[PDB]
>>> print(open('query28.cif').read())   # mmCIF, N, CA and C atoms
data_my_file
#
loop_
_atom_site.label_atom_id
_atom_site.label_comp_id
_atom_site.auth_asym_id
_atom_site.auth_seq_id
_atom_site.Cartn_x
_atom_site.Cartn_y
_atom_site.Cartn_z
N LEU A 1 0.85 -1.21 0.00
CA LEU A 1 0.00 0.00 0.00
C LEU A 1 0.89 1.27 0.00
N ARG A 2 1.38 1.56 -1.19
CA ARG A 2 2.25 2.74 -1.40
C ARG A 2 1.79 3.57 -2.59
N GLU A 3 1.87 2.96 -3.78
CA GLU A 3 1.62 3.63 -5.06
C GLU A 3 1.13 2.62 -6.10
N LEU A 4 -0.11 2.82 -6.51
CA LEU A 4 -0.77 1.98 -7.52
C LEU A 4 -1.31 2.85 -8.66
N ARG A 5 -1.15 2.33 -9.86
CA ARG A 5 -1.54 3.04 -11.09
C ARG A 5 -2.81 2.40 -11.64
N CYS A 6 -3.66 3.22 -12.25
CA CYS A 6 -4.84 2.72 -12.96
C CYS A 6 -4.42 1.67 -14.01
N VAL A 7 -5.33 0.73 -14.28
CA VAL A 7 -5.07 -0.31 -15.31
C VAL A 7 -4.83 0.31 -16.70
N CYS A 8 -5.47 1.45 -16.92
CA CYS A 8 -5.38 2.24 -18.16
C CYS A 8 -4.83 3.64 -17.89
N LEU A 9 -3.57 3.81 -18.25
CA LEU A 9 -2.91 5.13 -18.15
C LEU A 9 -3.21 6.06 -19.34
N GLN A 10 -3.37 5.46 -20.50
CA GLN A 10 -3.64 6.15 -21.77
C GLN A 10 -5.06 5.83 -22.26
N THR A 11 -5.38 6.39 -23.41
CA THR A 11 -6.67 6.20 -24.08
C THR A 11 -6.49 5.77 -25.54
N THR A 12 -7.60 5.74 -26.28
CA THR A 12 -7.68 5.37 -27.70
C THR A 12 -8.95 5.97 -28.33
N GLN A 13 -8.84 6.20 -29.63
CA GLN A 13 -9.91 6.70 -30.50
C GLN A 13 -10.11 5.83 -31.74
N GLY A 14 -10.68 4.65 -31.47
CA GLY A 14 -11.05 3.76 -32.56
C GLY A 14 -12.43 4.13 -33.14
N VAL A 15 -13.00 3.43 -34.11
CA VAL A 15 -12.72 2.14 -34.81
C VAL A 15 -14.09 1.43 -34.97
N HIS A 16 -14.08 0.18 -35.43
CA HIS A 16 -15.30 -0.63 -35.51
C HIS A 16 -15.17 -1.87 -34.61
N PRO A 17 -16.29 -2.27 -33.98
CA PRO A 17 -16.40 -3.50 -33.17
C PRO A 17 -15.91 -4.75 -33.90
N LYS A 18 -15.88 -4.69 -35.24
CA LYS A 18 -15.43 -5.78 -36.11
C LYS A 18 -14.05 -6.33 -35.71
N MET A 19 -13.20 -5.46 -35.17
CA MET A 19 -11.86 -5.87 -34.75
C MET A 19 -11.85 -6.40 -33.31
N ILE A 20 -12.86 -6.01 -32.53
CA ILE A 20 -12.98 -6.44 -31.13
C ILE A 20 -13.58 -7.84 -31.03
N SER A 21 -13.21 -8.57 -29.97
CA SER A 21 -13.71 -9.92 -29.74
C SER A 21 -13.94 -10.17 -28.25
N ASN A 22 -13.12 -9.54 -27.41
CA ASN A 22 -13.24 -9.70 -25.96
C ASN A 22 -13.26 -8.34 -25.26
N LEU A 23 -14.30 -8.10 -24.46
CA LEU A 23 -14.45 -6.84 -23.74
C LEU A 23 -14.40 -7.05 -22.23
N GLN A 24 -13.42 -6.43 -21.58
CA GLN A 24 -13.27 -6.55 -20.13
C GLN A 24 -13.56 -5.22 -19.45
N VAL A 25 -14.56 -5.21 -18.57
CA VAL A 25 -14.96 -4.00 -17.86
C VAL A 25 -14.68 -4.13 -16.36
N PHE A 26 -13.95 -3.15 -15.82
CA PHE A 26 -13.60 -3.14 -14.40
C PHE A 26 -14.21 -1.94 -13.70
N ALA A 27 -14.75 -2.16 -12.50
CA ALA A 27 -15.37 -1.08 -11.72
C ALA A 27 -14.33 -0.32 -10.89
N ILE A 28 -14.80 0.35 -9.84
CA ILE A 28 -13.93 1.12 -8.96
C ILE A 28 -13.08 0.20 -8.07
N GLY A 29 -11.77 0.42 -8.09
CA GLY A 29 -10.87 -0.39 -7.29
C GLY A 29 -10.00 0.44 -6.36
N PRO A 30 -9.05 -0.20 -5.65
CA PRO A 30 -8.13 0.48 -4.72
C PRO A 30 -7.02 1.23 -5.44
N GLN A 31 -6.90 1.00 -6.74
CA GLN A 31 -5.86 1.66 -7.55
C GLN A 31 -6.42 2.72 -8.51
N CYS A 32 -7.72 2.61 -8.81
CA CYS A 32 -8.37 3.53 -9.74
C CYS A 32 -9.82 3.78 -9.33
N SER A 33 -10.17 5.04 -9.12
CA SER A 33 -11.52 5.41 -8.73
C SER A 33 -12.40 5.68 -9.95
N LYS A 34 -11.79 5.61 -11.13
CA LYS A 34 -12.50 5.85 -12.38
C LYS A 34 -12.68 4.55 -13.17
N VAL A 35 -13.87 4.36 -13.73
CA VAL A 35 -14.16 3.17 -14.52
C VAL A 35 -13.48 3.25 -15.89
N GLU A 36 -12.82 2.17 -16.28
CA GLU A 36 -12.11 2.14 -17.56
C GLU A 36 -12.51 0.90 -18.35
N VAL A 37 -12.88 1.09 -19.62
CA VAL A 37 -13.30 -0.02 -20.46
C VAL A 37 -12.20 -0.49 -21.40
N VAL A 38 -11.63 -1.64 -21.08
CA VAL A 38 -10.57 -2.26 -21.89
C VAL A 38 -11.17 -3.28 -22.89
N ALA A 39 -10.49 -3.43 -24.01
CA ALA A 39 -10.91 -4.35 -25.08
C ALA A 39 -9.71 -5.08 -25.69
N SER A 40 -9.98 -6.27 -26.22
CA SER A 40 -8.97 -7.08 -26.91
C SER A 40 -9.43 -7.41 -28.33
N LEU A 41 -8.52 -7.24 -29.28
CA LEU A 41 -8.80 -7.52 -30.69
C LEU A 41 -8.72 -9.02 -30.97
N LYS A 42 -9.10 -9.41 -32.19
CA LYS A 42 -9.08 -10.81 -32.60
C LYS A 42 -7.64 -11.25 -32.91
N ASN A 43 -6.77 -10.28 -33.17
CA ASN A 43 -5.37 -10.56 -33.47
C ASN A 43 -4.60 -10.94 -32.21
N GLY A 44 -4.99 -10.36 -31.08
CA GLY A 44 -4.34 -10.65 -29.82
C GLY A 44 -3.70 -9.42 -29.20
N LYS A 45 -4.43 -8.31 -29.19
CA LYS A 45 -3.94 -7.06 -28.63
C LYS A 45 -4.93 -6.50 -27.61
N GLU A 46 -4.43 -5.64 -26.72
CA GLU A 46 -5.28 -5.02 -25.69
C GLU A 46 -5.04 -3.50 -25.66
N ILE A 47 -6.13 -2.78 -25.70
CA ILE A 47 -6.07 -1.30 -25.64
C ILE A 47 -7.01 -0.79 -24.54
N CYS A 48 -7.02 0.53 -24.40
CA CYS A 48 -7.89 1.21 -23.44
C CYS A 48 -8.68 2.29 -24.16
N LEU A 49 -9.95 2.36 -23.80
CA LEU A 49 -10.86 3.32 -24.41
C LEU A 49 -11.29 4.33 -23.34
N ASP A 50 -11.65 5.55 -23.75
CA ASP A 50 -12.10 6.56 -22.79
C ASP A 50 -13.62 6.72 -22.85
N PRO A 51 -14.35 6.35 -21.76
CA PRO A 51 -15.82 6.45 -21.69
C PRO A 51 -16.33 7.86 -21.98
N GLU A 52 -15.41 8.81 -21.90
CA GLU A 52 -15.68 10.23 -22.18
C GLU A 52 -16.08 10.51 -23.64
N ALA A 53 -15.81 9.56 -24.53
CA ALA A 53 -16.12 9.72 -25.95
C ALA A 53 -17.42 8.98 -26.31
N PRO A 54 -18.30 9.63 -27.08
CA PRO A 54 -19.60 9.07 -27.50
C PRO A 54 -19.48 7.85 -28.42
N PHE A 55 -18.54 7.92 -29.37
CA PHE A 55 -18.25 6.80 -30.29
C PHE A 55 -17.78 5.55 -29.54
N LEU A 56 -17.19 5.78 -28.38
CA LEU A 56 -16.71 4.70 -27.53
C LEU A 56 -17.89 3.89 -27.00
N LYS A 57 -18.94 4.60 -26.59
CA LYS A 57 -20.15 3.98 -26.06
C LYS A 57 -20.89 3.18 -27.14
N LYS A 58 -20.67 3.57 -28.39
CA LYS A 58 -21.28 2.92 -29.57
C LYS A 58 -20.66 1.56 -29.90
N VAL A 59 -19.34 1.55 -30.09
CA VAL A 59 -18.62 0.32 -30.37
C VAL A 59 -18.73 -0.67 -29.20
N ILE A 60 -18.87 -0.16 -27.96
CA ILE A 60 -19.01 -1.04 -26.80
C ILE A 60 -20.48 -1.44 -26.62
N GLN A 61 -21.38 -0.66 -27.19
CA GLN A 61 -22.82 -1.00 -27.14
C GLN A 61 -23.13 -2.14 -28.13
N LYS A 62 -22.59 -2.04 -29.34
CA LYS A 62 -22.82 -3.05 -30.39
C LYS A 62 -22.33 -4.45 -29.98
N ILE A 63 -21.28 -4.51 -29.17
CA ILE A 63 -20.74 -5.80 -28.74
C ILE A 63 -21.46 -6.35 -27.50
N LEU A 64 -22.36 -5.55 -26.94
CA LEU A 64 -23.12 -5.97 -25.77
C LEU A 64 -24.51 -6.47 -26.17
N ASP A 65 -25.12 -5.80 -27.15
CA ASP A 65 -26.44 -6.19 -27.62
C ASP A 65 -26.35 -7.31 -28.66
N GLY A 66 -25.25 -7.31 -29.41
CA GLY A 66 -25.04 -8.33 -30.42
C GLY A 66 -24.65 -9.67 -29.82
N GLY A 67 -24.25 -9.65 -28.55
CA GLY A 67 -23.86 -10.88 -27.87
C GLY A 67 -25.03 -11.55 -27.18
N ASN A 68 -26.22 -11.41 -27.76
CA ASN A 68 -27.43 -12.00 -27.20
C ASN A 68 -28.33 -12.53 -28.31
N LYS A 69 -28.13 -12.02 -29.53
CA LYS A 69 -28.92 -12.43 -30.68
C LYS A 69 -28.44 -13.79 -31.20
N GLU A 70 -27.13 -14.00 -31.18
CA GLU A 70 -26.54 -15.25 -31.65
C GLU A 70 -26.67 -16.32 -30.56
N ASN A 71 -27.58 -17.27 -30.77
CA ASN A 71 -27.80 -18.35 -29.81
C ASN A 71 -27.42 -19.70 -30.40
N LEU B 1 -4.97 -28.18 -32.87
CA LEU B 1 -6.32 -28.22 -33.49
C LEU B 1 -6.88 -29.66 -33.45
N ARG B 2 -7.38 -29.99 -32.27
CA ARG B 2 -7.96 -31.33 -32.03
C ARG B 2 -9.32 -31.22 -31.34
N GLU B 3 -9.31 -30.71 -30.11
CA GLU B 3 -10.49 -30.65 -29.23
C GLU B 3 -10.37 -29.48 -28.25
N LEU B 4 -11.28 -28.54 -28.43
CA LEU B 4 -11.36 -27.33 -27.58
C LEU B 4 -12.77 -27.19 -27.00
N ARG B 5 -12.79 -26.79 -25.75
CA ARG B 5 -14.04 -26.66 -24.97
C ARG B 5 -14.37 -25.18 -24.83
N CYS B 6 -15.66 -24.87 -24.81
CA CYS B 6 -16.13 -23.51 -24.53
C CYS B 6 -15.56 -23.03 -23.18
N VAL B 7 -15.37 -21.71 -23.06
CA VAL B 7 -14.87 -21.11 -21.80
C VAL B 7 -15.82 -21.40 -20.62
N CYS B 8 -17.10 -21.51 -20.95
CA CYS B 8 -18.19 -21.81 -20.01
C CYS B 8 -18.90 -23.11 -20.37
N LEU B 9 -18.59 -24.14 -19.59
CA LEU B 9 -19.26 -25.45 -19.74
C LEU B 9 -20.62 -25.52 -19.02
N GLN B 10 -20.72 -24.83 -17.90
CA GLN B 10 -21.91 -24.78 -17.05
C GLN B 10 -22.53 -23.37 -17.10
N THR B 11 -23.60 -23.24 -16.34
CA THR B 11 -24.34 -21.97 -16.21
C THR B 11 -24.54 -21.59 -14.73
N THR B 12 -25.35 -20.56 -14.50
CA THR B 12 -25.69 -20.00 -13.18
C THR B 12 -27.02 -19.23 -13.26
N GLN B 13 -27.69 -19.20 -12.12
CA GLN B 13 -28.95 -18.48 -11.89
C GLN B 13 -28.88 -17.58 -10.66
N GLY B 14 -28.12 -16.50 -10.84
CA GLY B 14 -28.06 -15.48 -9.79
C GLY B 14 -29.24 -14.49 -9.91
N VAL B 15 -29.37 -13.45 -9.10
CA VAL B 15 -28.53 -12.78 -8.06
C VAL B 15 -28.69 -11.26 -8.29
N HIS B 16 -27.91 -10.45 -7.58
CA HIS B 16 -27.89 -9.00 -7.79
C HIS B 16 -26.49 -8.55 -8.24
N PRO B 17 -26.44 -7.55 -9.15
CA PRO B 17 -25.20 -6.90 -9.61
C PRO B 17 -24.32 -6.42 -8.47
N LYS B 18 -24.90 -6.22 -7.29
CA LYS B 18 -24.21 -5.78 -6.07
C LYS B 18 -22.97 -6.63 -5.75
N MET B 19 -23.02 -7.90 -6.16
CA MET B 19 -21.89 -8.84 -6.03
C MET B 19 -20.91 -8.80 -7.21
N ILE B 20 -21.37 -8.28 -8.35
CA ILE B 20 -20.54 -8.21 -9.55
C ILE B 20 -19.78 -6.89 -9.64
N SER B 21 -18.52 -6.95 -10.07
CA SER B 21 -17.69 -5.76 -10.20
C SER B 21 -16.82 -5.81 -11.46
N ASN B 22 -16.99 -6.87 -12.25
CA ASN B 22 -16.23 -7.05 -13.49
C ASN B 22 -17.05 -7.82 -14.52
N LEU B 23 -17.02 -7.36 -15.77
CA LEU B 23 -17.76 -8.01 -16.85
C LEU B 23 -16.86 -8.32 -18.04
N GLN B 24 -16.84 -9.58 -18.45
CA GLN B 24 -16.02 -10.01 -19.58
C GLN B 24 -16.90 -10.62 -20.68
N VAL B 25 -16.84 -10.03 -21.87
CA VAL B 25 -17.62 -10.51 -23.00
C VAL B 25 -16.75 -11.28 -23.98
N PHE B 26 -17.11 -12.53 -24.25
CA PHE B 26 -16.36 -13.38 -25.16
C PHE B 26 -17.17 -13.68 -26.42
N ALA B 27 -16.57 -13.45 -27.58
CA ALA B 27 -17.24 -13.70 -28.86
C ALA B 27 -16.99 -15.12 -29.36
N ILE B 28 -17.17 -15.32 -30.66
CA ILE B 28 -16.98 -16.62 -31.29
C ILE B 28 -15.49 -16.92 -31.51
N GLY B 29 -15.06 -18.09 -31.05
CA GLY B 29 -13.67 -18.49 -31.20
C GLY B 29 -13.53 -19.92 -31.71
N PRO B 30 -12.32 -20.50 -31.64
CA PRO B 30 -12.05 -21.87 -32.10
C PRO B 30 -12.54 -22.93 -31.11
N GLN B 31 -12.94 -22.48 -29.93
CA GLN B 31 -13.43 -23.39 -28.87
C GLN B 31 -14.95 -23.28 -28.64
N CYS B 32 -15.53 -22.17 -29.06
CA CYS B 32 -16.96 -21.93 -28.86
C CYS B 32 -17.54 -21.09 -29.98
N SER B 33 -18.58 -21.60 -30.63
CA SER B 33 -19.23 -20.89 -31.73
C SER B 33 -20.44 -20.11 -31.22
N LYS B 34 -20.45 -19.84 -29.92
CA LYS B 34 -21.54 -19.11 -29.29
C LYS B 34 -21.00 -18.03 -28.35
N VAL B 35 -21.77 -16.97 -28.16
CA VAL B 35 -21.37 -15.88 -27.28
C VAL B 35 -21.73 -16.18 -25.83
N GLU B 36 -20.74 -16.07 -24.95
CA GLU B 36 -20.94 -16.34 -23.53
C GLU B 36 -20.48 -15.15 -22.69
N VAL B 37 -21.27 -14.81 -21.68
CA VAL B 37 -20.93 -13.68 -20.81
C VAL B 37 -20.48 -14.14 -19.43
N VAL B 38 -19.19 -13.92 -19.16
CA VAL B 38 -18.58 -14.29 -17.86
C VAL B 38 -18.43 -13.05 -16.95
N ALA B 39 -18.49 -13.29 -15.66
CA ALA B 39 -18.37 -12.22 -14.64
C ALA B 39 -17.53 -12.69 -13.45
N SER B 40 -16.91 -11.72 -12.79
CA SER B 40 -16.12 -11.97 -11.57
C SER B 40 -16.63 -11.12 -10.41
N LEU B 41 -16.80 -11.77 -9.26
CA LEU B 41 -17.28 -11.10 -8.06
C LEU B 41 -16.16 -10.29 -7.41
N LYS B 42 -16.53 -9.46 -6.43
CA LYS B 42 -15.57 -8.63 -5.72
C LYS B 42 -14.79 -9.46 -4.69
N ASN B 43 -15.29 -10.66 -4.42
CA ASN B 43 -14.65 -11.56 -3.46
C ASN B 43 -13.49 -12.31 -4.10
N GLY B 44 -13.45 -12.32 -5.43
CA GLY B 44 -12.39 -13.01 -6.15
C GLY B 44 -12.84 -14.33 -6.73
N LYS B 45 -14.03 -14.33 -7.33
CA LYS B 45 -14.59 -15.54 -7.93
C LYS B 45 -15.04 -15.27 -9.36
N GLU B 46 -15.20 -16.33 -10.14
CA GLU B 46 -15.65 -16.23 -11.54
C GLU B 46 -16.70 -17.31 -11.83
N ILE B 47 -17.80 -16.86 -12.40
CA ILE B 47 -18.89 -17.78 -12.78
C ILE B 47 -19.27 -17.55 -14.25
N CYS B 48 -20.24 -18.33 -14.70
CA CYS B 48 -20.78 -18.22 -16.06
C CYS B 48 -22.30 -18.09 -15.99
N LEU B 49 -22.79 -17.21 -16.82
CA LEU B 49 -24.22 -16.92 -16.86
C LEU B 49 -24.77 -17.38 -18.22
N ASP B 50 -26.05 -17.75 -18.27
CA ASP B 50 -26.67 -18.18 -19.53
C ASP B 50 -27.47 -17.03 -20.15
N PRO B 51 -27.01 -16.50 -21.30
CA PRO B 51 -27.68 -15.38 -21.99
C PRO B 51 -29.08 -15.73 -22.49
N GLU B 52 -29.44 -17.00 -22.39
CA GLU B 52 -30.74 -17.47 -22.82
C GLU B 52 -31.82 -17.13 -21.80
N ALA B 53 -31.41 -16.70 -20.59
CA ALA B 53 -32.40 -16.37 -19.56
C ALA B 53 -32.63 -14.84 -19.50
N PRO B 54 -33.89 -14.42 -19.42
CA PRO B 54 -34.28 -13.00 -19.38
C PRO B 54 -33.80 -12.28 -18.12
N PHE B 55 -33.92 -12.94 -16.97
CA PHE B 55 -33.44 -12.41 -15.67
C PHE B 55 -31.93 -12.15 -15.69
N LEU B 56 -31.23 -12.92 -16.51
CA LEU B 56 -29.80 -12.78 -16.66
C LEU B 56 -29.45 -11.49 -17.39
N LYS B 57 -30.30 -11.13 -18.35
CA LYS B 57 -30.12 -9.91 -19.15
C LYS B 57 -30.33 -8.66 -18.29
N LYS B 58 -31.10 -8.82 -17.22
CA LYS B 58 -31.41 -7.74 -16.27
C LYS B 58 -30.22 -7.37 -15.37
N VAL B 59 -29.68 -8.36 -14.67
CA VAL B 59 -28.53 -8.15 -13.81
C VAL B 59 -27.30 -7.70 -14.62
N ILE B 60 -27.21 -8.12 -15.90
CA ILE B 60 -26.09 -7.70 -16.75
C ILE B 60 -26.39 -6.35 -17.39
N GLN B 61 -27.67 -5.99 -17.45
CA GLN B 61 -28.05 -4.67 -17.98
C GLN B 61 -27.77 -3.57 -16.95
N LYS B 62 -28.04 -3.88 -15.69
CA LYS B 62 -27.81 -2.95 -14.58
C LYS B 62 -26.32 -2.65 -14.38
N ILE B 63 -25.42 -3.56 -14.75
CA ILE B 63 -23.99 -3.31 -14.57
C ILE B 63 -23.44 -2.42 -15.67
N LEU B 64 -24.30 -2.07 -16.63
CA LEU B 64 -23.91 -1.20 -17.73
C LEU B 64 -24.40 0.22 -17.48
N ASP B 65 -25.55 0.33 -16.80
CA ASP B 65 -26.13 1.63 -16.48
C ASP B 65 -25.43 2.25 -15.28
N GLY B 66 -25.16 1.42 -14.27
CA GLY B 66 -24.50 1.89 -13.07
C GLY B 66 -23.00 2.01 -13.23
N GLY B 67 -22.46 1.39 -14.28
CA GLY B 67 -21.03 1.44 -14.53
C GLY B 67 -20.61 2.65 -15.35
N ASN B 68 -21.57 3.47 -15.73
CA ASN B 68 -21.29 4.67 -16.52
C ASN B 68 -21.91 5.90 -15.87
N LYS B 69 -22.59 5.69 -14.74
CA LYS B 69 -23.23 6.79 -14.02
C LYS B 69 -22.22 7.56 -13.17
N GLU B 70 -21.15 6.88 -12.76
CA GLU B 70 -20.11 7.51 -11.94
C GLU B 70 -19.27 8.47 -12.78
N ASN B 71 -19.21 9.72 -12.34
CA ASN B 71 -18.45 10.74 -13.04
C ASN B 71 -17.17 11.08 -12.28
#
>>> encode(input="query28.cif", output="structure tokens")
Amino acid sequence: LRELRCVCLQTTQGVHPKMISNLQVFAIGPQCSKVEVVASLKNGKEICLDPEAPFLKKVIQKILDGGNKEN
Amino acid sequence: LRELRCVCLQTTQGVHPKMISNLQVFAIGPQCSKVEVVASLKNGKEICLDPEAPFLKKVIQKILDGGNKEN
């Protein structure tokens, strides 16, 4: 208990959900009081998105509603 | 490339979002041709939920509204 950094130090301005495959969402923790939405591509990469952007809510919305139609 | 199992073999019938603090969305892969929604509790546990249940869509819907309300 000295110094802890948020999981996401930087941001990103993507893109289409077409490249995304895995979405990991973390709530408020002991290292970060701000919610950060991380994503992983199909190639095998991980980035950080800023909830502050409207387009961000769109690409993350499409992967949440689309993950219920395919049964 | 022989035999791969879905990330979620079983299901669950929870509960309240109050216990959930992390959401992981998995798409179609080489092990599963179906979308499965996994979650981790604040206690340090991981379960699998069945997207085929309506009540399941509720507890997972609430973690999206309350996870973006914090400014």
>>> interface_residues(input="query28.cif", of="chain A", to="chain B", cutoff="10 Å", atoms="only C-alpha atoms", output="ChimeraX atom specification")
/A:20-29,33-40,42,51-52,57,61,63-71
>>> select_by_dssp(input="query28.cif", residues="chain B", states="strand (DSSP E or B)", output="ChimeraX atom specification")
/B:20-26,36-41,46-49
>>> atom_distance(input="query28.cif", atom1="CA of residue 15 in chain A", atom2="atom N of residue 41 in chain A")
11.7 Å
>>> resolve_selection(input="query28.cif", expression="the PyMOL selection byres (((chain B and resi 31 and name CA) around 7) and name CA)", output="list in words")
residues 4, 5, 6, 29, 30, 32 and 33 of chain B
>>> atom_distance(input="query28.cif", atom1="atom C of residue 53 in chain B", atom2="atom C of residue 19 in chain B")
18.0 Å
>>> atom_distance(input="query28.cif", atom1="CA of residue 17 in chain B", atom2="CA of residue 62 in chain A")
21.3 Å
>>> select_by_dssp(input="query28.cif", residues="chain B", states="alpha helix (DSSP H)", output="PyMOL selection string")
chain B and resi 54-65
>>> residues_around(input="query28.cif", residues="residue 48 in chain A", least_positions_apart="6", cutoff="6 Å", atoms="only C-alpha atoms", output="NGL selection string")
:A and (8 or 11-12 or 38)
>>> axis_aligned_box(input="query28.cif", around="range 7-17 of chain B", padding_each_side="8 Å", output="AutoDock Vina command-line options")
--center_x -22.1 --center_y -16.0 --center_z -15.3 --size_x 30.5 --size_y 35.1 --size_z 31.5
